[PDB]
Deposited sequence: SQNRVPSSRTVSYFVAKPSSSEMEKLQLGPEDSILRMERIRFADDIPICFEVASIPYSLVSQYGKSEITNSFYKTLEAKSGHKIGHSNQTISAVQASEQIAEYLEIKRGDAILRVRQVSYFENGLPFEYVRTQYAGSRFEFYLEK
């Protein structure tokens, strides 16, 4: 494609986790996480919305899953698509050797257009 990539960090805060975050980061409701949200562009076209959580306390392997979600109002807006549009989402969790999770990243793609292609 050859385009110049860029990003905007949309939020960066410390917070108590969601259920998903509890599940994937093996945490309790009281355990703080540090959370980054970032739009990535390829030449000023938005390409994905990316949310990364690490457990605050932290101030191996990793594994990914793919799914489809609906465009929320806010994400629709960041990615310049419409609420309701179907969107690929990639969840990644990384772990230290103990199997202690340390990062949970969730990427959503601007469309509804994007495809991934795999070979076995």
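- Sequence ranges 1, 61 to 84 have no coordinates in this entry (deposited sequence, numbered from 1, C-alpha basis).
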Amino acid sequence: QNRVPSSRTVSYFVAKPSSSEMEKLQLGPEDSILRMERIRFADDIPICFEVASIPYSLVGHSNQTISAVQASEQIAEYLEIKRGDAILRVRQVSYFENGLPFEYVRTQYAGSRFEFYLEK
From here on, numbers count along this sequence of modelled residues.
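- In the deposited entry, the Cα temperature factor of residue 95 sits in the middle third of values across the chain's modelled residues.
- In the deposited entry, the Cα temperature factor of residue 107 sits in the bottom third of values across the chain's modelled residues.
- Annotation for residue 79: CA B-factor lies in the middle third of the chain's modelled residues.
- The deposited CA B-factor of residue 58 belongs to the highest third of values across its chain.
- Residue-level temperature factors show residue 44 in the middle third of its chain, judged at the C-alpha atom.
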